[PDB]
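Read the numbers this way: they start at 1 and go in the same order the structure lists the ligands and their atoms. Residue numbering restarts at 1 for every chain, and letters A, B, ... go by the order of the sequence lines. Computation of the quantities below employed the complete heavy-atom set of this structure, encompassing side-chain atoms and omitting hydrogens, waters and symmetry-equivalent molecules.
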Amino acid sequence: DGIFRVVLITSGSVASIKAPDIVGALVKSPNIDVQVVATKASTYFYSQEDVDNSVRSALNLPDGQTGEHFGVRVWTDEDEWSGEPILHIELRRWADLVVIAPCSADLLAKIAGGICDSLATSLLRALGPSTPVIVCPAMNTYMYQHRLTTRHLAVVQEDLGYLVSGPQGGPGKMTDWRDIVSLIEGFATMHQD
Amino acid sequence: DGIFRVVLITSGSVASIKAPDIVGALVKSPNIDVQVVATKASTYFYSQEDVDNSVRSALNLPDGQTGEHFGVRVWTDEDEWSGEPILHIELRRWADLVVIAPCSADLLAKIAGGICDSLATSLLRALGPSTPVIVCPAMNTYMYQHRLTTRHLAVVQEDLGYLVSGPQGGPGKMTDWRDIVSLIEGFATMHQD
Amino acid sequence: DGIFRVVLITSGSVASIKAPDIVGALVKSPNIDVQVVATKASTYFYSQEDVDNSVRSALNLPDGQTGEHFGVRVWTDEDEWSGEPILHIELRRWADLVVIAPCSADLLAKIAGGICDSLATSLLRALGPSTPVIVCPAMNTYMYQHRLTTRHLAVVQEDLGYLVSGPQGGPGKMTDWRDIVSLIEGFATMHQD
Ligand SMILES: Cc1cc2nc3c(=O)[nH]c(=O)nc-3n(C[C@H](O)[C@H](O)[C@H](O)COP(=O)(O)O)c2cc1C
Ligand SMILES: Cc1cc2nc3c(=O)[nH]c(=O)nc-3n(C[C@H](O)[C@H](O)[C@H](O)COP(=O)(O)O)c2cc1C
Ligand SMILES: Cc1cc2nc3c(=O)[nH]c(=O)nc-3n(C[C@H](O)[C@H](O)[C@H](O)COP(=O)(O)O)c2cc1C
């Protein structure tokens with residue numbers, strides 16, 4: 001199987017506006033598939049149709065509507081509560097890589113705290129050490145400079161083994177989404193073996 | 001007063017399906033009363049009528065409907081927000097024992113974190129050292145193997161003095177509900193003095 | 001500019017009933033303005049009209065209705081999600097002082113945990129060290145005596161530099177609201193320079 005599978009977790013940062021650009025780039029990438037997990041807050045910054053528009057844009061398709069979304073569904077907490085398979089378990093099995101872009105201060109704090117009362121955090125909590133995780137913090141600079149940020153980055157890094165694509169240095173802006181994609185393709189390369 | 005009073009806290013684990021069997025067993029037990037606190041997630045795995053059906057089953061009653069629930073009401077967060085007495089305070093006073101079965105990873109993390117934005121966690125936070133607590137973790141094995149699980153079990157055990165009926169060793173399955181009940185009856189025995 | 005600006009954060013403690021008395025006192029105070037941030041739980045203990053009634057009472061105004069609220073709006077989480085300015089950022093810039101009165105055990109735990117999934121906690125997380133913070137814990141005495149309370153007060157104090165107007169010694173009752181106001185006026189004095 002020559003397919004690399006990425007789960008993109010988007011959280012309640014303004015940088016979630018670039019989530020459709022990332023998905024569009026991953027779709028167009030030949031041997032990479034992408035599934036998206038959106039926290040409730042992140043859904044305020046983009047819609048499913050933004051993603052669909054973004055996929056068509058990247059694939060040089062004319063406008064129109066679907067439907068099956070090419071097929072890249074944006075999963076939310078609601079989907080999980082509707083012997084049957086459990087969604088965050090299915091996503092854990094599927095994923096070869098988990099990318100949190102953007103990662104808000106809240107999600108960072110929740111991850112460091114081990115709290116898992118959403119699809120996104122249940123997925124991360126359920127992961128096996130098989131699956132690598134890339135965290136891209138994205139927040140107001142005064143949120144990033146907060147004392148608890150570095151303590152949570154520490155927990156997330158040393159304890160959990162997550163990789164931090166730390167924000168651009170007013171430090172706090174997310175790593176540019178194009179850089180995110182090429183980081184992802186670098187892992188796809190590793191995986192192809 | 002020869003009555004032993006148990007508050008059962010059920011959380012969002014699949015093992016919550018066995019919560020009605022526990023309640024049915026505690027009701028039938030001669031000198032034990034039970035009250036139930038359900039987190040919102042746990043209410044997805046069983047209903048009030050499951051409990052009622054389970055009580056009738058244990059008490060050899062024919063089917064029918066109530067009403068007063070024998071009277072074992074499943075308390076939820078909603079009830080608490082409807083000089084008046086505060087529910088989680090009333091439950092703390094009432095309880096001789098608090099049993100968390102099942103305890104999800106989320107609830108474990110919330111307890112260890114001291115977060116109390118629900119009936120269940122407000123009750124635990126408000127307890128006096130008079131009242132013992134039994135925690136029965138129940139989660140996907142990769143959630144239990146997560147690094148933060150053991151750190152939270154440590155906080156819950158050493159700091160809070162909670163007793164952990166640790167999961168069955170794929171470690172993560174809840175202690176069998178029949179074992180839970182007999183653990184409970186062992187405390188009832190202690191209490192009878 | 002001879003105006004001192006206070007943001008009052010009210011949380012889900014019964015002491016939130018005195019929040020309108022505080023606002024009324026701050027409004028009447030000549031060189032002090034007040035804005036209010038209410039957690040969802042705190043909105044159960046008082047309404048906007050309680051505040052308005054309380055302002056009229058303090059300003060010797062006859063009853064009637066508004067409208068513009070004099071103008072002291074009680075901000076909630078809902079307002080924040082309705083290039084545009086972000087509310088908790090605007091409030092951070094505005095505030096010369098942040099007062100958490102009352103501070104529940106939950107909010108204390110969330111602050112210590114760095115969790116910021118509400119207007120109140122996003123505001124606190126986004127603050128600059130320029131702005132001082134006064135925390136007034138207010139909870140059931142058994143919640144205050146809980147082991148995690150002192151650990152959170154420690155984090156909040158040493159790590160974050162927040163000032164704790166610790167509860168009255170059954171320790172747990174909030175510092176009397178009149179004492180809160182005069183503490184606030186003491187900071188206004190400092191600020192006037
Ligand atoms: C308009 C707006 C923009 C926000 N931008 C950010 C941000 O860039 N980074 C961040 O950490 N939080 C930001 N927040 C705060 C989070 O959205 C808020 O804490 C949210 O509840 C976190 O939810 P989450 O854990 O799903 O990300 C913003 C909030 C609003 C209302
Ligand atoms: C179908 C389904 C089954 C789940 N089973 C478990 C479980 O067995 N153990 C666990 O820790 N979490 C489990 N979860 C995740 C929790 O339900 C989720 O984290 C929830 O928000 C926790 O809420 P709580 O703190 O009230 O338990 C499950 C989720 C779903 C959707
Ligand atoms: C009637 C009632 C009164 C409460 N009083 C207090 C209190 O005085 N102090 C406290 O810490 N929690 C109290 N609680 C519990 C909190 O309201 C609950 O934990 C809430 O979810 C916390 O939300 P918050 O973080 O916005 O304050 C009370 C709850 C109820 C239902």
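Side chains of C:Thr141 and C:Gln145: a donor on one and an acceptor on the other come within 3.5 Å. For the residue pair C:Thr10 / C:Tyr46, a side-chain donor-acceptor distance below 3.5 Å is found, with atom types taken as modelled. The closest side-chain donor-acceptor pair between A:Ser13 and A:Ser16, if any, does not fall under 3.5 angstrom.
On a distance-only criterion, B:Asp106 and ligand 2 share at least one N/O pair closer than 3.5 Å. Note: no N/O pair closer than 3.5 Å links B:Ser42 and ligand 2 by distance alone. Backbone and side-chain nitrogen or oxygen atoms of A:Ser104 are examined, and one is located within less than 3.5 angstrom of a nitrogen or oxygen of ligand 1. Note: an N/O pair closer than 3.5 Å links C:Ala105 and ligand 3 by distance alone. When only interatomic distances are considered, the shortest N/O to N/O separation between C:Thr39 and ligand 3 falls below 3.5 Å.
For the pair C:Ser11/C:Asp106, no side-chain contact is recorded, criterion being any heavy-atom separation below 4.5 Å from C-beta on. Contact check for C:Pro167 versus C:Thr175: no side-chain heavy atoms found under the 4.5 Å cut-off. Between B:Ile134 and B:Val98 the shortest side-chain heavy-atom distance does not fall below 4.5 Å.
In terms of protein heavy-atom proximity, atom 1 (C) of ligand 2 is nearest to A:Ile86 CG1, 3.6 Å. Protein heavy atom closest to atom 23 (O) of ligand 2, with residue, atom name and distance, is B:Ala41 CB, 3.4 Å. Given atom 21 (O) of ligand 2, the protein heavy atom at minimum distance is A:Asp117 CA, 3.2 Å. In this structure, the protein non-hydrogen atom closest to atom 14 (N) of ligand 2 is B:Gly12 O, 3.4 Å. Here the protein heavy atom with the shortest distance to atom 8 (O) of ligand 2 is B:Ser13 OG, 3.0 Å.
Under 4.0 Å from ligand 1, not a single heavy atom of A:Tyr44 appears. In A:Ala138, the part holding a heavy atom less than 4.0 Å from any atom of ligand 1 is the backbone. Proximity of A:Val14 to ligand 1, defined as any heavy-atom pair under 4.0 Å, is shared by backbone and side chain alike. Of the heavy atoms in A:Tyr144, none comes closer than 4.0 Å to ligand 1. Residue-level proximity to ligand 1 for C:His88 is carried by the side chain, the only part with a heavy atom below 4.0 angstrom.
Applying the 4.0 Å criterion to heavy atoms of A:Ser122 picks out, from ligand 2, the atoms 15 (C), 18 (C), 19 (O). Atom numbering of ligand 3 starts at 1 in the shown order; those under 4.0 Å from a heavy atom of B:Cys116 are 18 (C), 19 (O), 21 (O).
Using a cutoff of 4.0 Å between basic side-chain nitrogens and carboxylate oxygens, C:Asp117 and A:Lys110 are scored as salt-bridged. Ion pairing of C:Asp79 with C:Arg73 is present here, as a side-chain N (NZ or NE/NH1/NH2) and a carboxylate O approach within less than 4.0 Å.
A:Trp94 does not carry A:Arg92 over the face of its six-membered ring by the limits of under 6.0 Å from the centre and within 45° of the normal.
A donor-acceptor contact shorter than 3.5 Å links the side chain of C:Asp77 to the backbone of C:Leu119.
Closest heavy-atom contact between B:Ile115 and B:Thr121: O-CB, 3.3 Å.
Proximity of A:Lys40 to ligand 1 is not established, as no heavy-atom distance is less than 4.0 Å.
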